[PDB]
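One file, run_34.cif, carrying mmCIF, C-alpha atoms; chains and numbers go by the auth columns:
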```cif
data_my_file
loop_
_atom_site.group_PDB
_atom_site.id
_atom_site.type_symbol
_atom_site.label_atom_id
_atom_site.label_comp_id
_atom_site.label_asym_id
_atom_site.label_seq_id
_atom_site.Cartn_x
_atom_site.Cartn_y
_atom_site.Cartn_z
_atom_site.B_iso_or_equiv
_atom_site.auth_seq_id
_atom_site.auth_asym_id
ATOM 1 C CA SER A 1 109.852 137.551 96.245 0.00 22 A
ATOM 2 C CA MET A 2 107.492 135.511 98.406 0.00 23 A
ATOM 3 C CA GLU A 3 105.877 138.731 99.764 0.00 24 A
ATOM 4 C CA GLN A 4 105.022 139.924 96.161 0.00 25 A
ATOM 5 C CA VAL A 5 103.225 136.577 95.552 0.00 26 A
ATOM 6 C CA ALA A 6 101.227 136.750 98.898 0.00 27 A
ATOM 7 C CA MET A 7 100.252 140.365 97.994 0.00 28 A
ATOM 8 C CA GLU A 8 99.192 139.055 94.558 0.00 29 A
ATOM 9 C CA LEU A 9 97.142 136.247 96.202 0.00 30 A
ATOM 10 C CA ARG A 10 95.233 138.937 98.283 0.00 31 A
ATOM 11 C CA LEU A 11 94.745 141.277 95.255 0.00 32 A
ATOM 12 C CA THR A 12 93.458 138.175 93.438 0.00 33 A
ATOM 13 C CA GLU A 13 91.047 137.283 96.209 0.00 34 A
ATOM 14 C CA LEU A 14 89.924 140.974 96.375 0.00 35 A
ATOM 15 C CA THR A 15 89.310 140.775 92.658 0.00 36 A
ATOM 16 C CA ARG A 16 87.367 137.596 93.370 0.00 37 A
ATOM 17 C CA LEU A 17 85.231 139.332 96.003 0.00 38 A
ATOM 18 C CA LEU A 18 84.730 142.456 93.839 0.00 39 A
ATOM 19 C CA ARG A 19 83.586 140.298 90.894 0.00 40 A
ATOM 20 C CA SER A 20 80.808 138.878 93.090 0.00 41 A
ATOM 21 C CA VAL A 21 79.902 142.435 94.343 0.00 42 A
ATOM 22 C CA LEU A 22 79.845 143.632 90.693 0.00 43 A
ATOM 23 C CA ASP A 23 77.506 140.843 89.645 0.00 44 A
ATOM 24 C CA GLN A 24 75.146 141.580 92.540 0.00 45 A
ATOM 25 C CA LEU A 25 75.081 145.343 91.758 0.00 46 A
ATOM 26 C CA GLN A 26 74.486 144.696 88.120 0.00 47 A
ATOM 27 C CA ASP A 27 71.472 142.407 88.899 0.00 48 A
ATOM 28 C CA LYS A 28 69.898 145.484 90.436 0.00 49 A
ATOM 29 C CA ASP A 29 69.869 147.022 86.907 0.00 50 A
ATOM 30 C CA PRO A 30 67.658 144.511 85.044 0.00 51 A
ATOM 31 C CA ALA A 31 66.867 147.107 82.393 0.00 52 A
ATOM 32 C CA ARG A 32 70.632 147.294 81.535 0.00 53 A
ATOM 33 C CA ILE A 33 70.519 151.120 81.598 0.00 54 A
ATOM 34 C CA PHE A 34 74.083 151.128 83.098 0.00 55 A
ATOM 35 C CA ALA A 35 75.550 148.141 81.298 0.00 56 A
ATOM 36 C CA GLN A 36 77.471 150.026 78.608 0.00 57 A
ATOM 37 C CA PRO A 37 79.043 153.491 78.177 0.00 58 A
ATOM 38 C CA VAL A 38 76.774 156.283 77.097 0.00 59 A
ATOM 39 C CA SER A 39 77.120 156.331 73.214 0.00 60 A
ATOM 40 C CA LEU A 40 78.910 159.484 71.954 0.00 61 A
ATOM 41 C CA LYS A 41 77.390 158.819 68.526 0.00 62 A
ATOM 42 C CA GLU A 42 73.871 159.033 70.103 0.00 63 A
ATOM 43 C CA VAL A 43 74.691 161.679 72.801 0.00 64 A
ATOM 44 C CA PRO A 44 77.345 163.716 71.029 0.00 65 A
ATOM 45 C CA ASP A 45 77.430 166.496 73.704 0.00 66 A
ATOM 46 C CA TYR A 46 77.815 164.051 76.630 0.00 67 A
ATOM 47 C CA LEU A 47 81.417 164.901 77.572 0.00 68 A
ATOM 48 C CA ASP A 48 80.486 168.612 77.770 0.00 69 A
ATOM 49 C CA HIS A 49 78.218 167.570 80.731 0.00 70 A
ATOM 50 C CA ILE A 50 79.965 164.549 82.263 0.00 71 A
ATOM 51 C CA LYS A 51 83.719 164.614 82.724 0.00 72 A
ATOM 52 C CA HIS A 52 84.221 161.092 83.969 0.00 73 A
ATOM 53 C CA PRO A 53 81.822 158.606 82.324 0.00 74 A
ATOM 54 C CA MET A 54 81.443 155.202 83.847 0.00 75 A
ATOM 55 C CA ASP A 55 79.406 152.045 83.346 0.00 76 A
ATOM 56 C CA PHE A 56 79.447 148.359 84.301 0.00 77 A
ATOM 57 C CA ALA A 57 81.306 146.994 81.238 0.00 78 A
ATOM 58 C CA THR A 58 84.104 149.616 81.816 0.00 79 A
ATOM 59 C CA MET A 59 84.274 148.611 85.583 0.00 80 A
ATOM 60 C CA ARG A 60 84.443 145.011 84.571 0.00 81 A
ATOM 61 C CA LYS A 61 87.440 145.613 82.268 0.00 82 A
ATOM 62 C CA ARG A 62 89.267 147.327 85.132 0.00 83 A
ATOM 63 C CA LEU A 63 88.246 144.552 87.525 0.00 84 A
ATOM 64 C CA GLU A 64 89.666 141.780 85.279 0.00 85 A
ATOM 65 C CA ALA A 65 92.958 143.608 84.812 0.00 86 A
ATOM 66 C CA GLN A 66 93.088 143.642 88.685 0.00 87 A
ATOM 67 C CA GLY A 67 92.908 147.418 88.455 0.00 88 A
ATOM 68 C CA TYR A 68 91.025 147.931 91.768 0.00 89 A
ATOM 69 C CA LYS A 69 93.517 148.190 94.702 0.00 90 A
ATOM 70 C CA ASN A 70 90.786 148.361 97.387 0.00 91 A
ATOM 71 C CA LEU A 71 86.959 148.579 97.798 0.00 92 A
ATOM 72 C CA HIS A 72 87.121 152.403 97.983 0.00 93 A
ATOM 73 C CA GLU A 73 88.339 152.652 94.325 0.00 94 A
ATOM 74 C CA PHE A 74 85.562 150.264 93.179 0.00 95 A
ATOM 75 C CA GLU A 75 82.951 152.227 95.087 0.00 96 A
ATOM 76 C CA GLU A 76 84.180 155.473 93.498 0.00 97 A
ATOM 77 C CA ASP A 77 83.419 153.905 90.078 0.00 98 A
ATOM 78 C CA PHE A 78 79.989 152.673 91.172 0.00 99 A
ATOM 79 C CA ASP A 79 79.142 156.072 92.575 0.00 100 A
ATOM 80 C CA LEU A 80 80.158 157.713 89.230 0.00 101 A
ATOM 81 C CA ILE A 81 77.707 155.542 87.422 0.00 102 A
ATOM 82 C CA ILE A 82 74.896 156.832 89.661 0.00 103 A
ATOM 83 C CA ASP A 83 76.022 160.410 90.038 0.00 104 A
ATOM 84 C CA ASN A 84 76.589 160.996 86.327 0.00 105 A
ATOM 85 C CA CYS A 85 73.122 159.707 85.586 0.00 106 A
ATOM 86 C CA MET A 86 71.483 161.877 88.243 0.00 107 A
ATOM 87 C CA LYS A 87 73.083 164.991 86.786 0.00 108 A
ATOM 88 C CA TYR A 88 72.610 164.401 83.048 0.00 109 A
ATOM 89 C CA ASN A 89 69.035 163.183 83.350 0.00 110 A
ATOM 90 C CA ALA A 90 66.189 165.034 84.897 0.00 111 A
ATOM 91 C CA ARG A 91 64.325 163.900 87.950 0.00 112 A
ATOM 92 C CA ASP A 92 61.171 162.709 86.127 0.00 113 A
ATOM 93 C CA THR A 93 63.002 160.338 83.714 0.00 114 A
ATOM 94 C CA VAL A 94 63.292 156.602 83.668 0.00 115 A
ATOM 95 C CA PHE A 95 67.059 156.936 83.728 0.00 116 A
ATOM 96 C CA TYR A 96 67.261 159.119 86.889 0.00 117 A
ATOM 97 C CA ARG A 97 64.798 156.832 88.598 0.00 118 A
ATOM 98 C CA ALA A 98 66.810 153.738 87.642 0.00 119 A
ATOM 99 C CA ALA A 99 69.905 155.328 89.289 0.00 120 A
ATOM 100 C CA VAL A 100 68.040 156.086 92.495 0.00 121 A
ATOM 101 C CA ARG A 101 66.902 152.470 92.701 0.00 122 A
ATOM 102 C CA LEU A 102 70.421 151.092 91.928 0.00 123 A
ATOM 103 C CA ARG A 103 71.903 153.358 94.633 0.00 124 A
ATOM 104 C CA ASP A 104 69.347 152.274 97.186 0.00 125 A
ATOM 105 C CA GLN A 105 69.603 148.572 96.409 0.00 126 A
ATOM 106 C CA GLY A 106 73.381 148.498 96.055 0.00 127 A
ATOM 107 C CA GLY A 107 73.754 150.093 99.511 0.00 128 A
ATOM 108 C CA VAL A 108 72.970 146.797 101.205 0.00 129 A
ATOM 109 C CA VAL A 109 75.459 144.866 99.028 0.00 130 A
ATOM 110 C CA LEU A 110 78.199 147.461 99.620 0.00 131 A
ATOM 111 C CA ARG A 111 77.601 147.555 103.386 0.00 132 A
ATOM 112 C CA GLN A 112 78.273 143.829 103.545 0.00 133 A
ATOM 113 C CA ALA A 113 81.214 143.898 101.140 0.00 134 A
ATOM 114 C CA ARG A 114 82.964 146.493 103.390 0.00 135 A
ATOM 115 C CA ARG A 115 82.521 144.202 106.426 0.00 136 A
ATOM 116 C CA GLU A 116 83.862 141.177 104.342 0.00 137 A
ATOM 117 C CA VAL A 117 86.946 143.118 103.181 0.00 138 A
ATOM 118 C CA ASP A 118 87.816 144.386 106.699 0.00 139 A
ATOM 119 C CA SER A 119 86.998 140.910 108.179 0.00 140 A
ATOM 120 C CA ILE A 120 88.985 138.751 105.652 0.00 141 A
ATOM 121 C CA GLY A 121 91.734 141.457 105.409 0.00 142 A
#
```

Once you've parsed the file, please lay out its structure as structure tokens.
Amino acid sequence: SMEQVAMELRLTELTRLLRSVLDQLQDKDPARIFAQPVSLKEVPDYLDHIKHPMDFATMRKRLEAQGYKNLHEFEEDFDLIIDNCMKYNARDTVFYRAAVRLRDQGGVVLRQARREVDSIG
């Protein structure tokens, strides 16, 4: 149908907007602390602590399969990245502190993305 195509055009433009958001969020992690999944070889107990691991490469695979239906779903993933880190790592660690900074800096990007998604439909 013609509707299914128009739908797919919007999903595709949402994907396009989310890719730009993702790149902007990821620039706020220049240390690449959140770039890849936590290694289960190097942190073998991790899944006893953290039930839903997340990271930027994993978000990017979902993104490119058009797996995000709306901004809310994408934000849930970003928030997992931060929240997981803030639980597993203690307050005085470079990792916790990197998550605080990514949260604070991404807030601005996410604020605008929500306006752009509402605005453009």

If you count only C-alpha atoms, which residues fall within 8 Å of residue A:98, apart from same-chain ones fewer than 4 positions away, as a PDB file with C-alpha atoms, keeping the file's coordinate frame?
```
ATOM      1  CA  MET A  75      81.443 155.202  83.847  1.00  0.00           C
ATOM      2  CA  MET A  80      84.274 148.611  85.583  1.00  0.00           C
ATOM      3  CA  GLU A  94      88.339 152.652  94.325  1.00  0.00           C
ATOM      4  CA  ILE A 102      77.707 155.542  87.422  1.00  0.00           C
TER       5      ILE A 102
END
```

Taking the file as I've supplied it (selection: the PyMOL selection byres ((chain A and resi 76) around 9)), which residues are included? Please answer as a PyMOL selection string.
chain A and resi 55-59+74-75+77-81+98-99+101-102

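Distance check against residue A:43 using only C-alpha atoms: of A:106, A:138, A:115, A:130, the minimum falls on A:130.
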
Residue with smallest distance to residue A:133 - pool A:86, A:92, A:26, A:71, counting all atoms listed in the file:
A:92

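Comparing the minimum interatomic distances between residue A:141 and each of A:38, A:112, A:25, A:83, counting all atoms listed in the file, we find that A:38 sits nearest.
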
With only C-alpha atoms as the counted atoms, please give the residues lying no more than 9 Å from residue A:126, apart from itself and same-chain residues fewer than 4 positions off, as an MDAnalysis selection string.
chainID A and resid 46 49 121:122 130

Could you please take those selected residues and save C-alpha atoms as a compact mmCIF listing (two decimals), in the frame of the given file?
```txt
# COMPACT_ATOMS: atom_id res chain seq x y z
CA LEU A 46 75.08 145.34 91.76
CA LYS A 49 69.90 145.48 90.44
CA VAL A 121 68.04 156.09 92.50
CA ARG A 122 66.90 152.47 92.70
CA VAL A 130 75.46 144.87 99.03
```

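Residues in contact with residue A:90 at 12 Å, where all atoms listed in the file are counted and same-chain residues fewer than 5 positions away are skipped, are listed as residues 28, 29, 31, 32, 33, 34, 35, 36, 39, 83, 84, 95, 96, 97 and 138 of chain A.
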
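Of the residues under consideration (A:60, A:45, A:110, A:105), A:45 shows the shortest atom-to-atom contact distance to residue A:128 when counting only C-alpha atoms.
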
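Distance annotation: of A:100, A:129, A:73, A:120, the residue with the minimal separation from residue A:42 is A:129; atom set is all atoms listed in the file.
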
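The spacing separating atom CA of residue A:104 from atom CA of residue A:64 amounts to 17.3 Å.
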
Option closest in space to residue A:108, from A:47, A:67, A:22, A:54 [counting all atoms listed in the file]:
A:67

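For the pair atom CA of residue A:52 and atom CA of residue A:114, the interatomic distance is 13.8 Å.
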
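Relative to atom CA of residue A:24, atom CA of residue A:40 is found at 24.0 Å.
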
Starting from the incomplete input, reconstruct N, CA, C and O atoms of stretch 23-46 of chain A and write that as a PDB file, in the frame of the given file.
```pdb
ATOM      1  N   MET A  23     108.615 136.214  97.851  1.00  0.00           N
ATOM      2  CA  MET A  23     107.492 135.511  98.406  1.00  0.00           C
ATOM      3  C   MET A  23     106.433 136.533  98.855  1.00  0.00           C
ATOM      4  O   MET A  23     105.219 136.305  98.676  1.00  0.00           O
ATOM      5  N   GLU A  24     106.864 137.690  99.406  1.00  0.00           N
ATOM      6  CA  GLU A  24     105.877 138.731  99.764  1.00  0.00           C
ATOM      7  C   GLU A  24     105.031 139.142  98.514  1.00  0.00           C
ATOM      8  O   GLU A  24     103.786 139.134  98.584  1.00  0.00           O
ATOM      9  N   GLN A  25     105.704 139.446  97.385  1.00  0.00           N
ATOM     10  CA  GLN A  25     105.022 139.924  96.161  1.00  0.00           C
ATOM     11  C   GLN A  25     103.948 138.965  95.714  1.00  0.00           C
ATOM     12  O   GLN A  25     102.888 139.407  95.316  1.00  0.00           O
ATOM     13  N   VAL A  26     104.215 137.664  95.828  1.00  0.00           N
ATOM     14  CA  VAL A  26     103.225 136.577  95.552  1.00  0.00           C
ATOM     15  C   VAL A  26     101.983 136.556  96.510  1.00  0.00           C
ATOM     16  O   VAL A  26     100.805 136.445  96.040  1.00  0.00           O
ATOM     17  N   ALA A  27     102.266 136.689  97.824  1.00  0.00           N
ATOM     18  CA  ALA A  27     101.227 136.750  98.898  1.00  0.00           C
ATOM     19  C   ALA A  27     100.285 137.957  98.711  1.00  0.00           C
ATOM     20  O   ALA A  27      99.043 137.792  98.776  1.00  0.00           O
ATOM     21  N   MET A  28     100.908 139.134  98.494  1.00  0.00           N
ATOM     22  CA  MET A  28     100.252 140.365  97.994  1.00  0.00           C
ATOM     23  C   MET A  28      99.316 140.086  96.784  1.00  0.00           C
ATOM     24  O   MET A  28      98.115 140.447  96.788  1.00  0.00           O
ATOM     25  N   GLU A  29      99.885 139.403  95.785  1.00  0.00           N
ATOM     26  CA  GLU A  29      99.192 139.055  94.558  1.00  0.00           C
ATOM     27  C   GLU A  29      98.057 138.067  94.806  1.00  0.00           C
ATOM     28  O   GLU A  29      97.049 138.098  94.097  1.00  0.00           O
ATOM     29  N   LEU A  30      98.230 137.168  95.775  1.00  0.00           N
ATOM     30  CA  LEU A  30      97.142 136.247  96.202  1.00  0.00           C
ATOM     31  C   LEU A  30      95.937 137.010  96.791  1.00  0.00           C
ATOM     32  O   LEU A  30      94.781 136.642  96.476  1.00  0.00           O
ATOM     33  N   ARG A  31      96.225 138.023  97.650  1.00  0.00           N
ATOM     34  CA  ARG A  31      95.233 138.937  98.283  1.00  0.00           C
ATOM     35  C   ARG A  31      94.541 139.800  97.196  1.00  0.00           C
ATOM     36  O   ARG A  31      93.339 139.674  97.015  1.00  0.00           O
ATOM     37  N   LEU A  32      95.296 140.605  96.444  1.00  0.00           N
ATOM     38  CA  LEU A  32      94.745 141.277  95.255  1.00  0.00           C
ATOM     39  C   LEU A  32      93.805 140.370  94.418  1.00  0.00           C
ATOM     40  O   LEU A  32      92.733 140.816  93.963  1.00  0.00           O
ATOM     41  N   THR A  33      94.188 139.105  94.257  1.00  0.00           N
ATOM     42  CA  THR A  33      93.458 138.175  93.438  1.00  0.00           C
ATOM     43  C   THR A  33      92.203 137.758  94.156  1.00  0.00           C
ATOM     44  O   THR A  33      91.167 137.534  93.517  1.00  0.00           O
ATOM     45  N   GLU A  34      92.274 137.588  95.467  1.00  0.00           N
ATOM     46  CA  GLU A  34      91.047 137.283  96.209  1.00  0.00           C
ATOM     47  C   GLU A  34      90.117 138.528  96.327  1.00  0.00           C
ATOM     48  O   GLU A  34      88.884 138.376  96.314  1.00  0.00           O
ATOM     49  N   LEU A  35      90.702 139.716  96.369  1.00  0.00           N
ATOM     50  CA  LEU A  35      89.924 140.974  96.375  1.00  0.00           C
ATOM     51  C   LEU A  35      89.167 141.113  95.068  1.00  0.00           C
ATOM     52  O   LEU A  35      87.970 141.451  95.051  1.00  0.00           O
ATOM     53  N   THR A  36      89.900 140.869  93.976  1.00  0.00           N
ATOM     54  CA  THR A  36      89.310 140.775  92.658  1.00  0.00           C
ATOM     55  C   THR A  36      88.186 139.781  92.623  1.00  0.00           C
ATOM     56  O   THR A  36      87.171 140.071  91.992  1.00  0.00           O
ATOM     57  N   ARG A  37      88.360 138.631  93.295  1.00  0.00           N
ATOM     58  CA  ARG A  37      87.367 137.596  93.370  1.00  0.00           C
ATOM     59  C   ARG A  37      86.144 138.090  94.109  1.00  0.00           C
ATOM     60  O   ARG A  37      85.046 137.823  93.698  1.00  0.00           O
ATOM     61  N   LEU A  38      86.350 138.775  95.221  1.00  0.00           N
ATOM     62  CA  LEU A  38      85.231 139.332  96.003  1.00  0.00           C
ATOM     63  C   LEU A  38      84.506 140.473  95.237  1.00  0.00           C
ATOM     64  O   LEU A  38      83.258 140.490  95.153  1.00  0.00           O
ATOM     65  N   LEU A  39      85.286 141.397  94.679  1.00  0.00           N
ATOM     66  CA  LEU A  39      84.730 142.456  93.839  1.00  0.00           C
ATOM     67  C   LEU A  39      83.955 141.966  92.607  1.00  0.00           C
ATOM     68  O   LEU A  39      82.924 142.553  92.238  1.00  0.00           O
ATOM     69  N   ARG A  40      84.370 140.872  91.992  1.00  0.00           N
ATOM     70  CA  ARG A  40      83.586 140.298  90.894  1.00  0.00           C
ATOM     71  C   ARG A  40      82.181 139.894  91.335  1.00  0.00           C
ATOM     72  O   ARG A  40      81.219 140.086  90.600  1.00  0.00           O
ATOM     73  N   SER A  41      82.084 139.281  92.512  1.00  0.00           N
ATOM     74  CA  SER A  41      80.808 138.878  93.090  1.00  0.00           C
ATOM     75  C   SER A  41      79.963 140.154  93.426  1.00  0.00           C
ATOM     76  O   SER A  41      78.780 140.240  93.047  1.00  0.00           O
ATOM     77  N   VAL A  42      80.556 141.098  94.165  1.00  0.00           N
ATOM     78  CA  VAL A  42      79.902 142.435  94.343  1.00  0.00           C
ATOM     79  C   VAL A  42      79.378 142.992  92.991  1.00  0.00           C
ATOM     80  O   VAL A  42      78.187 143.399  92.860  1.00  0.00           O
ATOM     81  N   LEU A  43      80.222 143.004  91.967  1.00  0.00           N
ATOM     82  CA  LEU A  43      79.845 143.632  90.693  1.00  0.00           C
ATOM     83  C   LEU A  43      78.641 142.930  90.117  1.00  0.00           C
ATOM     84  O   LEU A  43      77.727 143.572  89.548  1.00  0.00           O
ATOM     85  N   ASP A  44      78.620 141.606  90.233  1.00  0.00           N
ATOM     86  CA  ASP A  44      77.506 140.843  89.645  1.00  0.00           C
ATOM     87  C   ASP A  44      76.223 141.133  90.389  1.00  0.00           C
ATOM     88  O   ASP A  44      75.184 141.283  89.776  1.00  0.00           O
ATOM     89  N   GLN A  45      76.305 141.249  91.706  1.00  0.00           N
ATOM     90  CA  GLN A  45      75.146 141.580  92.540  1.00  0.00           C
ATOM     91  C   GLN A  45      74.616 142.990  92.276  1.00  0.00           C
ATOM     92  O   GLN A  45      73.396 143.209  92.304  1.00  0.00           O
ATOM     93  N   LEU A  46      75.514 143.944  92.038  1.00  0.00           N
ATOM     94  CA  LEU A  46      75.081 145.343  91.758  1.00  0.00           C
ATOM     95  C   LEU A  46      74.388 145.419  90.403  1.00  0.00           C
ATOM     96  O   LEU A  46      73.343 146.091  90.227  1.00  0.00           O
TER      97      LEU A  46
END
```
